[PDB]
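The structure under discussion appears below in the form of structure tokens.
Values reported hereafter were calculated over all heavy atoms of this structure, with side chains retained and with hydrogens, waters and symmetry mates removed. Residue indices begin at 1 and follow the sequence shown.
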Amino acid sequence: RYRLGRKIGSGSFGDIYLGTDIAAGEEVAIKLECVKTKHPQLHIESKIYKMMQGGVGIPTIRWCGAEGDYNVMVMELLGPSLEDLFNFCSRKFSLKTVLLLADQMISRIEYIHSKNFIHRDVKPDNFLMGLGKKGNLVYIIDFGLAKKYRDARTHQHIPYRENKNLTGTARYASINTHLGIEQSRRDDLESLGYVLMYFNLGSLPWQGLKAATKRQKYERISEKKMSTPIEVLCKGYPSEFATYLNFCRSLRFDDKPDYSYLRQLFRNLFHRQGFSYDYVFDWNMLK
Ligand SMILES: Nc1ncnc2c1ncn2[C@@H]1O[C@H](COP(=O)(O)O)[C@@H](O)[C@H]1O
């Protein structure tokens with residue numbers, strides 16, 4: 001039912017192609033999982049996307065099972081990542097673009113939380129703009145590290161746990177993630193806070209820090225992050241950014257975040273600046 005076109009991306013558990021859904025007559029993205037291992041990841045990712053179906057800015061998927069030496073997931077075809085678009089804008093976004101993005105990104109994370117998952121990989125690479133009719137819509141992708149933080153029926157929160165190892169990308173990790181604490185809803189939002197200040201600054205002060213051979217590879221990132229006050233990180237930017245990060249850092253392990261407070265904080269700033277909620281992003285002005 002599918003025709004595979006040109007490769008458009010590579011991921012930790014396989015590659016993303018342009019494809020045709022022959023029955024639907026629509027162009028789609030097709031994720032192929034080649035190396036299964038004993039614990040293949042694509043079928044699990046598809047099951048999390050199924051529980052997120054009906055979410056705005058969550059790609060619609062079709063689990064297709066095996067073909068030859070591949071597992072197949074057909075996805076809504078999306079546009080450039082926010083990391084790609086940041087590079088295209090010379091690694092500066094206007095305050096207006098950062099606030100337009102913040103408004104959607106809080107809502108996307110809230111939606112995932114509402115379906116009893118935490119994302120745990122919040123970074124600009126994993127937010128993609130839509131194409132065509134959905135060009136103004138921020139999507140979130142990559143549920144490869146996503147976890148249930150509560151039972152689907154009980155809403156009994158996962159237990160507190162420490163002594164965990166940090167794996168993958170630390171640039172946007174929460175301070176508690178550096179400290180080996182179990183991730184929960186607060187950590188996704190603290191990560192988003194570092195993403196927003198990254199868009200403001202062009203980089204983060206701990207970005208690209210390398211440890212000595214033999215040392216834990218993240219120790220220089222962790223030390224800089226913990227020794228950089230929020231007020232120093234956010235110096236020269238509207239107070240709302242510091243307010244956002246202080247609020248996230250204050251949340252207890254099992255606390256339900258006040259998403260509406262964080263959105264309204266940025267909305268009030270948007271109004272004080274006299275910005276129009278027009279979805280005219282910096283990249284729309286590129287010539
Ligand atoms: N549905 C999609 N539409 C377009 N590009 C995608 C899609 N999913 C993933 N990508 C791209 O594929 C690469 C790896 O994505 P992933 O490994 O699935 O997180 C990155 O360059 C993403 O921007």
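Put simply, the side chain of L95 reaches to within 4.5 Å of the side chain of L99, judged on heavy atoms. Counting only heavy atoms from C-beta outward, the side chains of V122 and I109 approach each other to under 4.5 Å. In this structure the side chain of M197 reaches within 4.5 angstrom of the side chain of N200, judged on heavy atoms. When side chains are defined from C-beta on, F13 counts as touching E45, because their heavy atoms get closer than 4.5 Å. The shortest distance between side-chain heavy atoms of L78 and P59 falls below 4.5 Å. Residues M226 and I175 meet the side-chain proximity criterion, which asks for heavy atoms closer than 4.5 Å. In this structure, the side chains of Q207 and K224 stay at 4.5 Å or more apart for every pair of heavy atoms. Within the 4.5 Å cutoff, no side-chain heavy atoms of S184 are placed close to those of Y149.
Between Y261 and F247, the angle of the ring planes lies from 30° to 60°, which puts this pair in the tilted group. The aromatic rings of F266 and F241 sit tilted relative to each other, their planes meeting at an angle between 30° and 60°.
Separation of atoms CD (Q183) and CG (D121) is listed at 9.0 Å; rounding is to 0.5 Å. Of the inter-residue distances, the one linking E223 atom CD with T228 atom OG1 reads 11.0 Å to the nearest 0.5 angstrom. Between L82 atom CG and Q104 atom CD the span is 9.5 Å, to the nearest 0.5 Å. The structure places OH of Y2 at 12.5 Å from CG of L4, a figure rounded to the nearest 0.5 Å. A distance of 10.5 Å separates CZ in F199 from CG in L204, rounded to the nearest 0.5 Å. The distance from the CZ atom of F281 to the OG atom of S94 is 10.0 Å, given to the nearest 0.5 Å.
Remark: side-chain polar atoms of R220 are not paired, donor with acceptor, to backbone N or O of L209 under 3.5 angstrom. A donor-acceptor pair under 3.5 Å links the side-chain atoms of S114 to the main chain of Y111, judged by distance alone. The closest donor-acceptor contact from the side chain of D188 to the backbone of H119 lies under 3.5 Å. Listed for the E190 side chain is no donor-acceptor partner under 3.5 Å among the backbone atoms of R249. Here the side chain of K225 pairs a donor or acceptor atom with the backbone of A173 at under 3.5 angstrom. Using a distance-only test at 3.5 Å, with no hydrogens or angles considered, no donor-acceptor pair links the side chain of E110 to the main chain of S107.
For the side chain to side chain contact (heavy atoms under 4.5 Å, CB included) test with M105, the passing option among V138, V98, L189 is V138; the others fail. Just one residue in the list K147, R150, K148 forms a side-chain hydrogen bond (donor to acceptor under 3.5 Å, both in side chains) with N116, and that residue is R150. Of the candidates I140, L101, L85, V195, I140 is the only one forming a side chain to side chain contact (heavy atoms under 4.5 Å, CB included) with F127.
Under the 6.0 Å cut-off for aromatic ring centres, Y172 and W206 do not qualify, their centroids lying 6.0 Å or more apart. Close placement of the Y49 and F143 rings is indicated, their centers lying within 6.0 Å of each other. Aromatic ring centres of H178 and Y218: separated by at least 6.0 Å. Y198 and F86 have their aromatic ring centers within a separation under 6.0 angstrom.
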* Could you please spell out the steps behind the side chain to side chain contact (heavy atoms under 4.5 Å, CB included) verdict for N176 and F253? => CA-CA 10 Å; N176 282 328; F253 175 69; over 6 Å; no
* To do: Show your working on side chain to side chain contact (heavy atoms under 4.5 Å, CB included) between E33 and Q41 and close with a plain yes or no.
  => CA-CA 8 Å; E33 168 178 69; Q41 292 201 32; 3.9 Å; yes
* To do: Before giving the answer on salt bridge (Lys or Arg N to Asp or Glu O under 4.0 Å), spell out for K210 and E219 the whole-Å C-alpha distance, their side-chain angles and the decisive distance to 0.1 Å.
  => CA-CA 8 Å; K210 311 296 188 175; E219 81 165 329; over 6 Å; no
* To do: Given side chain to side chain contact (heavy atoms under 4.5 Å, CB included), test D103 with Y277 step by step and report yes or no.
  => CA-CA 10 Å; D103 188 52; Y277 201 104; 2.6 Å; yes
* Go through the steps for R185 and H157 under the test side chain to side chain contact (heavy atoms under 4.5 Å, CB included), then give the verdict. => CA-CA 10 Å; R185 291 174 281 190; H157 198 283; 4.0 Å; yes
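By the 4.0 Å N-to-carboxylate-O rule, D278 lies close enough to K96 to be salt-bridged with it. For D187 and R120, the salt-bridge test fails: no basic side-chain N is under 4.0 Å from an acidic carboxylate O. One finds a salt bridge joining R1 and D21 here, because a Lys/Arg side-chain nitrogen approaches an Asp/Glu carboxylate oxygen to under 4.0 Å.
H155 NE2: more than 12 foreign heavy atoms inside a 6.0 Å radius. More than 12 heavy atoms of other shown residues, nucleotides or ligands fall within 6.0 angstrom of atom CZ in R267. Residue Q264 qualifies as enclosed at atom CD: its count of foreign heavy atoms under 6.0 Å is above 12. The number of heavy atoms from other shown groups lying within 6.0 Å of CZ (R263) is above 12.
For the residue pair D125 and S81, no side-chain donor N or O sits within less than 3.5 Å of a side-chain acceptor on the partner. For the 3.5 Å distance criterion, the side chains of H113 and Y259 qualify, holding a donor opposite an acceptor. When only modelled atom types and interatomic distance are considered, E76 and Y139 share a side-chain donor-acceptor pair under 3.5 Å. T20 and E27 form a side-chain donor-acceptor contact under 3.5 Å, judged by distance and modelled atom types alone. Side-chain N/O atoms of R272 and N268 include no donor and acceptor closer than 3.5 Å. A donor-acceptor contact under 3.5 angstrom links the side chains of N246 and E231, judged on distance only.
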Can you give each donor-acceptor pair under 3.5 Å made by side-chain atoms of residues 159-170, sequence neighbours left out, with the distance rounded to 0.1 Å?
| residue | atom | partner | partner atom | Å |
| --- | --- | --- | --- | --- |
| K164 | NZ | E182 | OE2 | 2.6 |
| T169 | OG1 | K123 | NZ | 3.2 |

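The minimum heavy-atom distance linking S174 with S191 is given by the pair N-OG, 4.0 Å. Listed here is the closest heavy atom pair of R91 and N87: NH1-OD1, 2.9 Å. Scanning all heavy atoms of the two residues, the minimum distance from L196 to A102 falls at CD1-CB, 3.8 Å. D282 and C89 get closest at one heavy-atom pair: CB-SG, 4.0 Å.
In the hydrophobic clustering of ILVMFWY residues, with side-chain heavy atoms under 4.5 Å counting as a link, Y70 and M75 come out apart. Hydrophobic clustering, with ILVMFWY side chains joined whenever heavy atoms are under 4.5 angstrom apart, keeps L32 apart from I141. There is a path of hydrophobic side-chain contacts, each under 4.5 Å, that joins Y17 to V74. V280 and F88 are members of different hydrophobic clusters when ILVMFWY side chains are connected at heavy-atom separations under 4.5 Å. Hydrophobic clustering (ILVMFWY, side-chain heavy atoms < 4.5 Å, transitive): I158 and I181 are in one cluster.
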